[PDB]
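**Student:** Can you look at this? It's an experimental structure, sequence on top.
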Number of protein chains: 2
Amino acid sequence: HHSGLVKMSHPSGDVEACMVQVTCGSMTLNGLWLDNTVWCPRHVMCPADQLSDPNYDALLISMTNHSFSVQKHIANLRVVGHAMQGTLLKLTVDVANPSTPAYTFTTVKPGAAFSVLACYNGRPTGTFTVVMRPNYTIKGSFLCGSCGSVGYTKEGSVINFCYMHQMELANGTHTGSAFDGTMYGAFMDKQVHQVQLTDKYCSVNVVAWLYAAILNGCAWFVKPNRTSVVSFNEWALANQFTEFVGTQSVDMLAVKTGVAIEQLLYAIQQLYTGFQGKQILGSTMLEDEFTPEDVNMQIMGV
Amino acid sequence: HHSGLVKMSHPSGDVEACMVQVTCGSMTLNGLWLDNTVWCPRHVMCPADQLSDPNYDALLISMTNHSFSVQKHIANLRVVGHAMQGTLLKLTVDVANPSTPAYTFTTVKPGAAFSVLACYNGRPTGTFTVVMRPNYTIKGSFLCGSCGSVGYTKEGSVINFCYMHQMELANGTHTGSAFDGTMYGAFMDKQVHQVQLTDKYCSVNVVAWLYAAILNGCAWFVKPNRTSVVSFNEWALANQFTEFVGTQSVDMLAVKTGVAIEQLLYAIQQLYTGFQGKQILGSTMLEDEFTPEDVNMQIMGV
Ligand SMILES: *[C@@H](O)[C@H](C[C@@H]1CCNC1=O)NC(=O)[C@H](CC(C)C)NC(=O)OC[C@@H]1C[C@@H]1CCC
Ligand SMILES: *[C@@H](O)[C@H](C[C@@H]1CCNC1=O)NC(=O)[C@H](CC(C)C)NC(=O)OC[C@@H]1C[C@@H]1CCC
């Protein structure tokens, strides 16, 4: 049996039309062209002999406008202003992007899903979706040249940009910047190995996945037994789970299935000790990479 | 540790610009507008009281050109010709799509991956990737109104359309048409429960995933022991695996890792009996949803 769940990304065309290439004579990476601004990682300024401890303030002053070459392949855009905001550059260009979508900037929270457009040399090459992990990394797929690839959510026609790719950690996961220039987590945009915080299971997404199972007629793990949210969250802190915070999206799943949240918090406690050979939606481990909204949308059509 | 593998779709913008809505006064579904042609499922002609046993030949003759209303939301396209090819309609329209990409039609083979653009009422809503299963179904995510959603691969700038969505089977999987109008597998485009063939593990993709593990420093399952392709394929037939056929993509992985294909065919035989508590890339079961090409591209940058 198939659950009807896939890793679903937004259609990428609106964002594809915003991707450019940015070069300072060192690395070439990607930028995001909205209105008269091009956003890109500030380490485009860094020579390779300084990637481990750049002085970005001095690099910024050493640049002039025409130090930045911005090109669109899928135009040449003349840079007429430059500024640094945290770990990002804000380049002002002479031409407004005629395909600028309606957009906002937002920060994505752990457990929430977003779509990534992986680009190299200004050329979109693939799209995928990830959830922001509790330790502010993502389990992505990025190679040399991908920095400046962007992540986003979409509300109606409005694209909410939330991520600009910066680096890969030694454990293969990834992190980047929000468009206020902050790195997600405690990470720095310097080529040195960094403290990595412990990851956790995202409890609300595990609950969503158990609801997805019920919605597929798979409910062997449901018992009348219940664990309260407060009791579950005390347990969570000692067992590598995030604290559970319910939402309207989760409540819709409880209403549709007739199964209470607290029944699934009990189920999680028991399943975490082991599935005892049984499977849920073809898996022998808890799944936390699907959100309540994924389940509402993909299965219930909401 | 994260493998660096995600479910990666092509960027969808080129195909988004080809999607339209098609209505006959009964259901509304999606069509694909290339040059002066709109392709769509032929059950757009079917009234709901006949979805279980349509006479499509008589339905086709009962239609005239202006019976078909074709609309683009993301134009009204006047239909000036109509024809049926297998399970698809080929509508000729008065305007050539100015955003027609370079394209071909192809049939996708079991184990191969392709990108899907899920659409409703002519509006793209998400994208995902699937592998064609050995029983000619896909494990997709489709709801009422999604028929006419398209699947494709991409070679350079050329989009190879391979799938037009038609139906969901009782086990939650999906199937559809190639653009020669044939349904994948033995399926018919009639709303009746149908014989479903047994699925199998795609051996070449399991081998690719074991190579992905090695490429991530995870090689506990590699032994000098070897099983030949011919011996493995005899075993495969009795154990719910496809017969293995090597390719240049797999050979590149063997060269990069120094691990022979036959070592991994032996590994699969042993792992299929059980992982004995150990995990591979965070999984306790064999993974066959990633192709040799996925691994070459996402991990090796080829
Ligand atoms: C984009 O420039 C690039 C994206 C990385 C490359 C490989 N996979 C990625 O996601 N980013 C970088 O190369 C980083 C530049 C610094 C200055 C922010 N560095 C980086 O990601 O280093 C990764 C290697 C694993 C070790 C960690 C740092 C010692
Ligand atoms: C598009 O029109 C639609 C797509 C289905 C709807 C629900 N999920 C899908 O993928 N296709 C249909 O409704 C099919 C039309 C026939 C005439 C080809 N029918 C169909 O998919 O029926 C599905 C229900 C599960 C039972 C199987 C048939 C008895």
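**Tutor:** That came through fine. Residues are numbered from 1 along each chain as shown, chains lettered A, B, ... in the order given. Ligands and ions are numbered 1, 2, ... in the order given.
**Student:** Now the stretch 1-150 of chain A against ligand 2: closest residue?
**Tutor:** Closest residue of the stretch 1-150 of chain A to ligand 2, C-beta to the nearest ligand atom: residue A:4 (8.4 Å). Where C-beta positions appear, they are placed from N, C-alpha and C, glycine not excepted.
**Student:** Please work out how many residues are found near that residue.
**Tutor:** With neighbours defined by other C-beta atoms under 10 Å in any protein chain shown, the count for residue A:4 comes to 21.
**Student:** Surely it touches residue B:173?
**Tutor:** No: checked against C-beta atoms under 8 Å, the pair residue A:4 and residue B:173 is beyond contact range at 9.1 Å.
**Student:** which residues are common contacts for these two?
**Tutor:** residue B:140 (C-beta atoms under 8 Å, 6 or more residues apart in numbering or on different chains).
**Student:** Please work out which residue of chain A is closest to chain B.
**Tutor:** residue A:13 (2.9 Å; C-beta to the nearest C-beta).
**Student:** Identify the residues contacting the closest residue to that residue other than its chain neighbours.
**Tutor:** Excluding the flanking residues, the one nearest residue A:13 by C-beta to C-beta, 6 or more residues apart in numbering or on different chains is residue B:13, at 2.9 Å. Residues in contact with residue B:13 (C-beta under 8 Å, 6+ apart) are A:11-14, A:16-17, A:124.
**Student:** close enough to count as contact, residue A:280 and residue A:218?
**Tutor:** Yes: assessed by C-beta under 8 Å, residue A:280 is found in contact with residue A:218 at 6.2 Å.
**Student:** how about the strands in the stretch 101-250 of chain A?
**Tutor:** With DSSP state E, counting those that start in this stretch as the definition, the stretch 101-250 of chain A shows strands at residue ranges A:103-105, A:113-120, A:123-131, A:150-155, A:158-168, A:174-177.
**Student:** Please report how far the residue of the stretch 1-150 of chain A closest to ligand 2 lies from residue B:182.
**Tutor:** Between residue A:4 and residue B:182 the distance is 25 Å, computed by C-beta to C-beta, to the nearest Å.
**Student:** what about residue A:197, how many neighbours?
**Tutor:** Around residue A:197 there are 14 residues (other C-beta under 10 Å).
**Student:** swap that for residue A:190, sorry
**Tutor:** 16.
**Student:** and the stretch 1-150 of chain A, which residues reach ligand 1?
**Tutor:** A:29, A:43, A:51, A:142-144, A:146-147 (C-beta under 6 Å from any ligand atom).
**Student:** if we can go back for a sec, out of the contacts of residue B:13, which sit inside strands?
**Tutor:** When the contacts of residue B:13 are checked against strands (DSSP state E), the matches are residue A:124.
**Student:** and of the contacts of residue B:13, the nearest to residue A:224?
**Tutor:** residue A:11 (42.9 Å; C-beta to C-beta).
**Student:** So what pairs up with the residue nearest to that closest one when sequence neighbours are not counted in the strands?
**Tutor:** Spatial nearest neighbour of residue A:11, excluding adjacent residues (C-beta to C-beta, 6+ apart): residue B:124 at 4.1 Å. Beta-bridge pairing for residue B:124 (DSSP bridges): residue B:119.
**Student:** Remind me which helix or strand residue A:58 belongs to.
**Tutor:** helix A:56-62 (DSSP states H and E).
**Student:** swap that for residue A:38, please
**Tutor:** strand A:37-41.
**Student:** who does that strand pair up with?
**Tutor:** strand A:28-34 (antiparallel), strand A:88-93 (antiparallel).
**Student:** Pipe those strands into CSV and attach distance to residue B:223 and mean neighbour count per row.
**Tutor:** Below are the strands paired with strand A:37-41 laid out as CSV (distance: least, C-beta to C-beta, whole Å; neighbours: other C-beta atoms under 10 Å in any protein chain shown):
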stretch, distance to residue B:223, mean neighbour count
strand A:28-34, 42, 25
strand A:88-93, 49, 22
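**Student:** would you turn these into CSV with distance to residue A:56?
**Tutor:** What follows is these, written out as CSV (distance: least, C-beta to C-beta, whole Å):
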stretch, distance to residue A:56
strand A:28-34, 15
strand A:88-93, 10
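**Student:** Return the set of buried residues in stretch A:99-114.
**Tutor:** Neighbour counts using 16 or more other C-beta atoms under 10 Å in any protein chain shown place A:100-101, A:103, A:106, A:108, A:110-114 of stretch A:99-114 among the buried residues.
**Student:** Now intersect the residues you listed with the helices, please.
**Tutor:** Counting by DSSP state H, no part of the buried residues of stretch A:99-114 is found in helices.
**Student:** Check whether stretch A:246-264 comes near chain B.
**Tutor:** No: under the criterion of C-beta under 8 Å from any C-beta of the partner chain, chain B is not reached by stretch A:246-264; the shortest gap measures 14.8 Å.
**Student:** and for that stretch, what are the contacting residues?
**Tutor:** A:204, A:207-208, A:210-211, A:214-215, A:219, A:222-229, A:232, A:244, A:291-293, A:295-296, A:300, A:302.
**Student:** Using the three-state scheme, assign residue A:98.
**Tutor:** When classified by DSSP: H, G, I helix; E, B strand; the rest coil, residue A:98 comes out as coil.
**Student:** check contacts around it.
**Tutor:** Residue A:98 touches nothing, counting by C-beta under 8 Å, 6+ apart.
**Student:** repeat for residue A:288
**Tutor:** With C-beta under 8 Å, 6+ apart, residue A:288 has these contacts: A:111, A:131, A:201-203, A:205-206, A:209.
**Student:** how close does it sit to residue B:296?
**Tutor:** Applying C-beta to C-beta to residue A:288 and residue B:296 gives a distance of 29 Å.
**Student:** For the residue in chain A sticking out farthest from the centre, give me its contacts.
**Tutor:** The centre of chain A is farthest from one residue, residue A:224, which by C-alpha atoms, centre = their mean lies 35.7 Å away. Contacts for residue A:224 (C-beta under 8 Å, 6+ apart) come out as residue A:263.
**Student:** just to revisit the earlier point, OK, contacts around the residue nearest to residue A:11?
**Tutor:** The neighbours of residue B:124, taking C-beta under 8 Å, 6+ apart as the test, are A:11, A:13, B:12, B:15-16, B:19, B:74, B:117-118.
**Student:** Recalculate using a threshold of 10 Å.
**Tutor:** Each residue near residue B:124 by C-beta atoms under 10 Å, 6 or more residues apart in numbering or on different chains is listed here: A:10-13, B:12-13, B:15-19, B:30, B:73-74, B:117-118, B:149-150.
**Student:** what do you get for residue A:60?
**Tutor:** Going by C-beta under 10 Å, 6+ apart, residue A:60 touches A:42, A:45, A:82-84, A:89.
**Student:** which one of these is nearest residue A:58?
**Tutor:** Residue A:58 lies nearest to residue A:45 out of the contacts of residue A:60, by C-beta to C-beta, at 9.7 Å.
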